[PDB]
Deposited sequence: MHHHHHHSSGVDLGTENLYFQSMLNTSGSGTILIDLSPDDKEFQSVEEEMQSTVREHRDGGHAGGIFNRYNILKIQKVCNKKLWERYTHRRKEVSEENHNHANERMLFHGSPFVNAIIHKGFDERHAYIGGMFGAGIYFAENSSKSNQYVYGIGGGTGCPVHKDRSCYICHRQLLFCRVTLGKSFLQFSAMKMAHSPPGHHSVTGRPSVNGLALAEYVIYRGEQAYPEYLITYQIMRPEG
């Protein structure tokens, strides 16, 4: 059911999406170990993901959440990185494929910092890096992230160094030590996120 619509670099949508990618890069405490050393990306392609069934299941869940939260879905646009992006855009997010550990357990993770989601493209801690060079800082190989519409509803606040807690619809991971880090978010039900944009990019070696 999925079609991918290529956006042109002068489309206003391409530009606002690229600006959110670029402007949310930060430095990471691993000094670039997991995601590579970079201050900006080379954006190669932004595609709009169109799937009617996945959209209808997103908006249906969104209305349920909203009606339980004084008419407030608390919808955000957030990045998601994982090795399974190409499965996700065809079949939707699935909590059954969620990995057992991590800071917030077996959920589907999103991030406000595109650089945080970039650390997961090749797996946890960056896995072995790119398939071709095994370089977690590869400046050559094309990477992909999703920029996703996510329904958070009443989110449980976790001050920070499976299912949502009872009475909540997601978890907000709130950075409590690092001054520059933005929030991460976790949902436990695949239907509460729609992957709107597939972004293809390279990290760039700083001059």
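Chemist: Hey, which stretches of the deposited sequence didn't make it into the model?
Modeler: Missing from the model are residues 1 to 29, 191 to 193, 240.
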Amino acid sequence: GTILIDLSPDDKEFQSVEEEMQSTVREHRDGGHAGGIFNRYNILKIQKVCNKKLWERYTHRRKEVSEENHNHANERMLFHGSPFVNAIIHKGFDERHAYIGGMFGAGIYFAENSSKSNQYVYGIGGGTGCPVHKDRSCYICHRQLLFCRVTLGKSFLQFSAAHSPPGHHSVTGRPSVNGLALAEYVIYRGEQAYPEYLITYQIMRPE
From here on, numbers count along this sequence of modelled residues.
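Just so we're on the same page, rigid core means the largest C-alpha set that superposes within 1.5 Å between forms.
Chemist: Comparing 100 to 108 with 86 to 94, which has C-alphas lying farther from the shown form in 9 other deposited structures of this protein once the core is aligned?
Modeler: Higher average C-alpha offset in 9 other deposited structures of this protein goes to 100 to 108.
Chemist: On a core superposition, give the stretch, 20 to 28 or 180 to 188, with the larger average C-alpha separation from this form in 9 other deposited structures of this protein (RMS over structures and residues).
Modeler: The stretch that sits farther from the shown form in 9 other deposited structures of this protein is 180 to 188.
Chemist: Among other entries of this protein with both neighbours modelled, does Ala161 go without coordinates in a third or more of them?
Modeler: Missing in at least a third of the others, so yes.
Chemist: Looking at the deposited entry, does 41 to 49 or 174 to 182 carry the larger mean Cα B-factor?
Modeler: Taking the mean B-factor of the alpha carbons in each, 174 to 182 is higher.
Chemist: If you average the CA temperature factors as listed in the entry, which stretch comes out higher, 130 to 138 or 75 to 83?
Modeler: Result: 130 to 138.
Chemist: Based on what the PDB entry reports, which of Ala161, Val65, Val150, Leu145 has the top C-alpha B-factor?
Modeler: Result of the comparison over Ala161, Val65, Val150, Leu145: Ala161.
Chemist: C-alpha B factor of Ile89, ranked within the chain: lowest, middle or highest third?
Modeler: It falls in the middle third of the chain.
Chemist: Ranking every modelled residue in this chain by its Cα temperature factor as given in the entry, which third contains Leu4?
Modeler: Answer is middle: the recorded C-alpha B-factor places it there.
Chemist: Select lowest, middle or highest to describe the third in which the CA B-factor of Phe110 falls within its chain in this entry.
Modeler: Lowest third, going by the recorded CA B-factors of the chain.
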